[PDB]
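**Q** Using only what follows, build the 3D model:
(2 chains, ligands or ions: 1)
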Number of protein chains: 2
Amino acid sequence: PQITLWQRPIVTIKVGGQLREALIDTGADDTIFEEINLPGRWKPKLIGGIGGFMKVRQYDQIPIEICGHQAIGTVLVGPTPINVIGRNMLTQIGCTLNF
Amino acid sequence: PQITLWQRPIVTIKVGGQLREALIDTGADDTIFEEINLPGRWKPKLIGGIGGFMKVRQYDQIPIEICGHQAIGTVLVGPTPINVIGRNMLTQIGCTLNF
Ligand SMILES: CC(C)CN(C[C@@H](O)[C@H](Cc1cc(F)cc(F)c1)NC(=O)O[C@H]1[C@H]2CO[C@H]3OC[C@@H]1[C@H]3C2)S(=O)(=O)c1ccc2nc(NC3CC3)sc2c1
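**A** Numbers count the residues shown, from 1 in each chain, chains lettered A, B, ... in the order given. Dropping the coordinates below:
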């Protein structure tokens, strides 16, 4: 749908068989969740943001459903204070900015 | 314009008489610039992001031009890795998400 920005643009997602809420985040290259449990192998990665860097687990080729749309791609797991859907997934569901 | 997300959604802005580039960032509540020089009084603020907290100067009622569109609002100044236009400004220029 269309989403305005008067509130945080939070949507419901399903990932790894679990239900979560996440912020649609055009300022994020990648997608990051806290407190989810994904199957399989992963690789450690350091990512940078406001206030410095944080250690995450990188999982590849993870299916995700984002407000009803299917995507597959890399998901980072680490201590973000809010779950974020980044451009690697947003491009797959046809998300654009408009003004 | 409409902006797709295959690349970072960077736009040109004018703020405090200076020209900068900045990321349209729907995951940002506030607007944050590195190395601009704004006039007048400000107050210290700590903000949180990925990897922790950072100290910023808070300037209020600052005029900004975002991709040709006029807004006025709070601008935070501090050591962000990339300049970010947040929802406090995006709502003023009619920015929405669409998918
Ligand atoms: C984490 C989000 C929930 C918030 N943020 C916005 C995101 O869009 C950032 C933007 C950014 C992009 C960069 F390139 C580098 C950066 F430092 C920052 N994205 C990011 O950190 O991305 C990371 C990771 C994700 O994937 C890749 O892409 C880039 C890298 C990389 C790995 S913010 O900046 O912390 C922010 C902004 C305004 C604001 N106002 C406030 N006000 C009140 C106290 C409520 S709190 C507050 C917080």
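
**Q** What parts of chain A come near the ligand?
**A** Within chain A, the residues that sit near the ligand (Cβ under 6 Å from any ligand atom) are A:23, A:25, A:27-30, A:32, A:47-50, A:82, A:84, A:86. Any C-beta I mention is one placed from the backbone N, CA and C, and that applies to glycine too.

**Q** All the helices of chain A, in order from the start?
**A** In chain A, helices defined by DSSP state H lie at A:87-90, listed in chain order.

**Q** just to revisit the earlier point, and the two most separated of the residues of chain A next to the ligand?
**A** The widest separation within the residues of chain A next to the ligand, taken as Cβ to Cβ, falls between A:23 and A:48 and amounts to 18.1 Å.

**Q** Look at the two and report which has more neighbours.
**A** residue A:23 (20 against 13; other Cβ atoms under 10 Å in any protein chain shown).

**Q** my read: that one touches residue B:27, true?
**A** Yes: when contacts are counted by Cβ atoms under 8 Å, residue A:23 is listed as touching residue B:27 (5.0 Å).

**Q** neighbours around residue A:73, how many?
**A** Here the number of neighbours of residue A:73 (other Cβ under 10 Å) works out to 17.

**Q** list residues touching both of residue A:23 and residue B:27?
**A** A:82, A:84 (Cβ atoms under 8 Å, 6 or more residues apart in numbering or on different chains).

**Q** circling back to that earlier point, just put the residues of chain A next to the ligand in a markdown table and tack on distance to chain B.
**A** Conversion of those to a markdown table gives the following (distance: Cβ to the nearest Cβ, whole Å):
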| residue | distance to chain B |
| --- | --- |
| A:23 | 5 |
| A:25 | 3 |
| A:27 | 3 |
| A:28 | 6 |
| A:29 | 7 |
| A:30 | 10 |
| A:32 | 7 |
| A:47 | 7 |
| A:48 | 6 |
| A:49 | 3 |
| A:50 | 3 |
| A:82 | 8 |
| A:84 | 6 |
| A:86 | 8 |
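
**Q** I'd like to know which of those residues are part of strands.
**A** For the residues of chain A next to the ligand, the ones inside strands are A:23, A:32, A:47-49, A:84, with DSSP state E as the criterion.

**Q** Point out the residues in chain A that sit beside chain B.
**A** Taking Cβ under 8 Å from any Cβ of the partner chain as the criterion, chain A approaches chain B at residues A:1-6, A:8-9, A:23-29, A:32, A:47-54, A:67, A:69, A:80-82, A:84, A:87, A:90-91, A:93-99.

**Q** Give the PyMOL command for selecting the buried subset of those residues.
**A** Here is the PyMOL command that selects only those of those that count as buried (16 or more other Cβ atoms under 10 Å in any protein chain shown):
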select buried, chain A and resi 3+5+9+23+24+25+26+27+28+32+47+49+50+51+54+67+80+82+84+87+90+91+93+95+96+97+99
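
**Q** can you tell me which strand in chain A is longest?
**A** With DSSP E applied, the strand covering the greatest number of residues in chain A is identified as strand A:52-66.

**Q** count of residues packed around the spatially closest residue to residue A:65 that is not a sequence neighbour?
**A** Leaving aside its sequence neighbours, residue A:65 sits nearest to residue A:14 (Cβ to Cβ, 6 or more residues apart in numbering or on different chains; 4.3 Å). Applying the criterion other Cβ under 10 Å, we find 14 residues in the vicinity of residue A:14.
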